[PDB]
Amino acid sequence: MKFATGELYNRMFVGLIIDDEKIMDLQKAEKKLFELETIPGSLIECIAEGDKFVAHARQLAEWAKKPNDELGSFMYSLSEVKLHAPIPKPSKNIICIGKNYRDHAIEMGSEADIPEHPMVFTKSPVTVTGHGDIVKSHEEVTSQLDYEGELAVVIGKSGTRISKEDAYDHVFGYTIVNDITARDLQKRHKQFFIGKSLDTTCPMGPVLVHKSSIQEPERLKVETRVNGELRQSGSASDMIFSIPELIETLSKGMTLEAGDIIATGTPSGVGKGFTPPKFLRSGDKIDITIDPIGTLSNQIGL
Amino acid sequence: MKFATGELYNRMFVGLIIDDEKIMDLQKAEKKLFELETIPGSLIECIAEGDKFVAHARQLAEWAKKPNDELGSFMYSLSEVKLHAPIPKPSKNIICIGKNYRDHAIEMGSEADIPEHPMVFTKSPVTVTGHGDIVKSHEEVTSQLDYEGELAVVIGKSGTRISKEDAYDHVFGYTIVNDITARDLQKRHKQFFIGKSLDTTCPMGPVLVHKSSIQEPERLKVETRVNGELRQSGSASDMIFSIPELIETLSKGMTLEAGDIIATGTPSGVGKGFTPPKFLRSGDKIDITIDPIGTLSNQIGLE
Ligand SMILES: O=C([O-])C(=O)[O-]
Ligand SMILES: O=C([O-])C(=O)[O-]
Ligand SMILES: [Mn+2]
Ligand SMILES: [Mn+2]
């Protein structure tokens with residue numbers, strides 16, 4: 001169950017990946033197969049409907065593989081579809097965790113500055129972009145752009161005061177995020193927001209995998225490649241605060257709403273961590289891979 | 001000229017204050033005066049429309065001073081209407097400036113930290129609440145809940161890399177914000193977001209005054225009272241980083257969009273400024289007054 005927001009012939013649509021290299025237009029499929037119109041037009045609204053939307057989508061895929069002659073209405077080959085971020089316009093800023101991998105904390109010069117409590121900041125929705133999109137280099141405000149491959153969690157059911165025991169029941173699914181950061185701007189304003197919120201600096205996608213397809217988030221692996229070179233490799237089992245601990249902490253006095261996006265922190269290997277620091281430049285290709293979500297690819301603009 | 005989001009008969013509506021005793025339901029007013037329905041149902045959508053919305057609103061105001069068979073179908077007493085926050089659901093987190101009054105920086109930490117560049121963080125949209133609404137104490141999370149009266153600026157026109165010269169051209173207007181903060185969580189999580197983003201901890205309002213009505217905001221003045229006792233009195237000319245400088249800084253690598261809210265920093269006098277520390281408790285009544293916007297009033301709730 002992989003969901004996406006695709007664009008094809010001037011139509012933005014909520015899509016479900018069929019068998020890899022095909023994508024189903026859920027609204028159009030519902031009208032032709034189920035004769036009805038009940039699927040909303042954005043993925044964040046579908047997430048609000050929770051499990052019943054997901055099951056509705058599976059039934060639609062099942063009926064579509066059954067013989068019929070309407071497939072041309074709603075079956076698109078992925079090669080012909082531009083994938084936006086699964087949630088192109090979040091309702092709120094992306095919630096981000098800092099220094100959630102021990103090695104990355106050390107990398108930024110700490111081992112004393114390993115947080116004992118989640119360090120949490122946000123990225124403005126104006127940073128959100130999709131698979132294959134060009135990230136503005138922002139040469140004018142910074143010469144220290146950095147990449148951050150991260151696993152992202154999307155809340156699928158609202159709640160406050162959520163226990164770590166109930167946390168996964170408030171999760172819709174998982175996607176990839178590149179937390180692109182201006183390291184100089186990060187120091188300048190002392191709060192991470194401005195250096196984390198430059199335009200286009202949050203690639204997200206390529207798809208949003210429902211949690212029912214990832215039973216063990218602990219085993220996911222994040223791999224970041226810059227110009228083909230492996231530079232990050234981290235296991236979600238090694239992050240200091242687990243996803244249920246993060247949800248319990250984030251929601252202690254704050255309501256998490258369906259569609260909220262949580263970036264759980266990048267592993268070691270970021271560009272600033274190299275002696276002879278490696279910063280991003282125009283033309284750098286960035287590939288982040290988390291199976292079974294896929295690979296999120298972006299280029300820094302030239 | 002003051003816009004608001006009111007509620008009457010289980011319907012939220014964009015409203016215009018008339019003579020500070022009445023509020024005009026712009027949608028219903030357009031309906032029985034021109035028999036068209038073009039005015040959007042949210043203030044942030046109206047802000048996105050540009051000066052044509054403000055002009056249409058002026059026109060509806062005038063056409064109604066005109067004799068009325070059913071003025072009451074779109075004109076209401078403010079006494080009978082509940083005011084929500086002017087923007088009840090921001091499209092993004094509220095942008096907040098830290099340490100913008102020199103005497104507030106000194107009362108929270110020393111001089112050594114005052115910023116040479118704006119220190120900027122945010123409050124989650126779930127923080128927004130309205131004039132007269134009850135603010136949750138969140139006692140099972142914090143006991144260091146503090147008050148911050150601030151002037152808020154609302155962006156009326158999308159822009160990136162706005163020069164300080166063109167900044168006011170991108171402003172819709174002004175409102176009051178209470179940046180209620182949990183001081184301990186602020187320290188615990190080291191980044192301000194968690195301590196600043198507890199449910200109901202950003203009262204906003206009571207109205208949004210269009211910039212045309214407030215040409216000189218250097219002369220605005222923020223007064224905060226807790227249970228009747230005056231505790232904050234700042235002048236907007238005392239800000240490090242004026243409104244135009246803030247807009248130029250924020251928008252330089254980042255698009256500011258219509259409806260975006262910028263809290264410009266609280267002045268001296270917060271509860272943590274007190275040596276035996278003050279801290280809000282249940283039943284505390286906080287009033288923040290900025291004229292011409294009005295007074296924003298909220299009460300801390302029970303545990
Ligand atoms: O600070 C961050 O953004 C992180 O740790 O991923
Ligand atoms: O830091 C703050 O929130 C302020 O000074 O207004
Ligand atoms: Mn990050
Ligand atoms: Mn503040």
Side-chain angles (χ1 to χ4, degrees), chain A residues 89-99 113 115-128 136-142 145 158 160-161 180 182 184-201 241 246 249-257 259-260, chain B residues 89-99 109 114-128 136-142 145 158 160-161 182 184-201 241 246 249-257 260:
Chain A
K89 180 165 135 84
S91 79
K92 57 177 59 65
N93 302 193
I94 305 184
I95 302 179
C96 303
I97 311 306
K99 281 151 190 193
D113 280 330
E116 325 188 329
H117 291 104
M119 204 195 51
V120 186
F121 59 90
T122 61
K123 294 178 79 88
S124 172
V126 298
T127 69
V128 165
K136 278 158 69 177
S137 69
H138 298 276
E139 298 209 13
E140 292 183 358
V141 74
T142 183
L145 273 192
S158 307
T160 196
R161 263 185 82 63
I180 291 179
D184 43 3
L185 276 58
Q186 202 162 17
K187 266 183 153 83
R188 207 193 289 309
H189 307 277
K190 292 176 187 291
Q191 288 290 305
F192 289 167
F193 171 68
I194 289 185
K196 290 283 184 175
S197 297
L198 305 183
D199 275 349
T200 66
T201 61
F241 306 100
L246 292 174
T249 298
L250 282 173
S251 82
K252 52 186 174 181
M254 166 175 90
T255 297
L256 292 163
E257 313 190 297
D260 285 354
Chain B
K89 197 172 176 184
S91 68
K92 47 182 63 63
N93 301 22
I94 296 158
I95 307 189
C96 300
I97 306 300
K99 299 164 182 160
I114 77 164
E116 317 176 17
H117 315 263
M119 163 172 158
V120 182
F121 62 97
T122 66
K123 295 173 84 81
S124 170
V126 300
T127 195
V128 177
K136 279 169 182 169
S137 57
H138 292 281
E139 194 206 279
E140 67 277 332
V141 168
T142 185
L145 203 85
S158 283
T160 183
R161 277 170 57 70
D184 44 8
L185 301 175
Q186 208 171 5
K187 162 148 164 280
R188 159 151 64 175
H189 296 286
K190 292 285 157 87
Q191 290 282 317
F192 284 8
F193 171 71
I194 287 158
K196 293 275 184 184
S197 298
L198 310 177
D199 285 350
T200 79
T201 63
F241 314 122
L246 289 174
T249 287
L250 293 166
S251 76
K252 188 173 184 181
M254 185 190 165
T255 292
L256 291 173
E257 317 187 288
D260 283 8

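Hydrogens, waters and symmetry mates play no part in the numbers below; they use all other heavy atoms, side chains included. So you know, we letter chains A, B, ... as the sequences are listed, proteins then strands, and number each from 1.
Counting only distance, with no hydrogens or angles, the side chain of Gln186(A) and the backbone of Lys196(A) share no donor-acceptor pair below 3.5 Å. Here the side chain of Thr160(A) pairs a donor or acceptor atom with the backbone of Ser251(A) at under 3.5 angstrom. At least one donor-acceptor pair under 3.5 Å links the side chain of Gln191(A) to the backbone N or O of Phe192(B).
For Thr255(B), the parts lying near chain A are the backbone and the side chain together; criterion is any non-hydrogen pair under 4.5 Å. Only the side chain of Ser124(B) comes within less than 4.5 Å of a heavy atom of chain A; its backbone N, CA, C and O stay farther away. With a 4.5 angstrom heavy-atom cutoff, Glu116(A) does not touch chain B via any of its atoms. Residue contact with chain B, scored on non-hydrogen atoms closer than 4.5 Å, is absent for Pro115(A). Contacts of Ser197(A) with chain B are made by both backbone and side-chain atoms, with heavy-atom separations under 4.5 Å. For a residue to count as touching a neighbouring chain, one of its non-hydrogen atoms must lie under 4.5 Å from one of that chain's; by this rule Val126(A) touches chain B with the side chain only. In this structure, no portion of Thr142(A) lies under 4.5 Å from any heavy atom of chain B.
Side chains of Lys123(B) and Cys96(B) form a contact here, defined as non-hydrogen atoms less than 4.5 Å apart.
Among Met254(A), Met119(A), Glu257(A), the residue making the largest number of heavy-atom pairs under 4.5 Å with chain B is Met254(A). By number of non-hydrogen pairs under 4.5 angstrom with chain A, the leading residue of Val120(B), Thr201(B), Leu198(B), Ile95(B) is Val120(B).
Heavy-atom neighbours of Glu140(B) CD from other residues, nucleotides or ligands within 6.0 Å: above the threshold of 12.
Scanning for side-chain contact (heavy atoms from CB on, under 4.5 Å) contacts around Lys252(A) gives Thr249(A), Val141(B), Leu185(B), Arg188(B), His189(B), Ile194(B), with sequence neighbours left out. By the side-chain contact (heavy atoms from CB on, under 4.5 Å) test, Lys136(A) is found to be paired with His138(A), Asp199(A), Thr200(A), residues two or more places apart in sequence or in another chain being considered.
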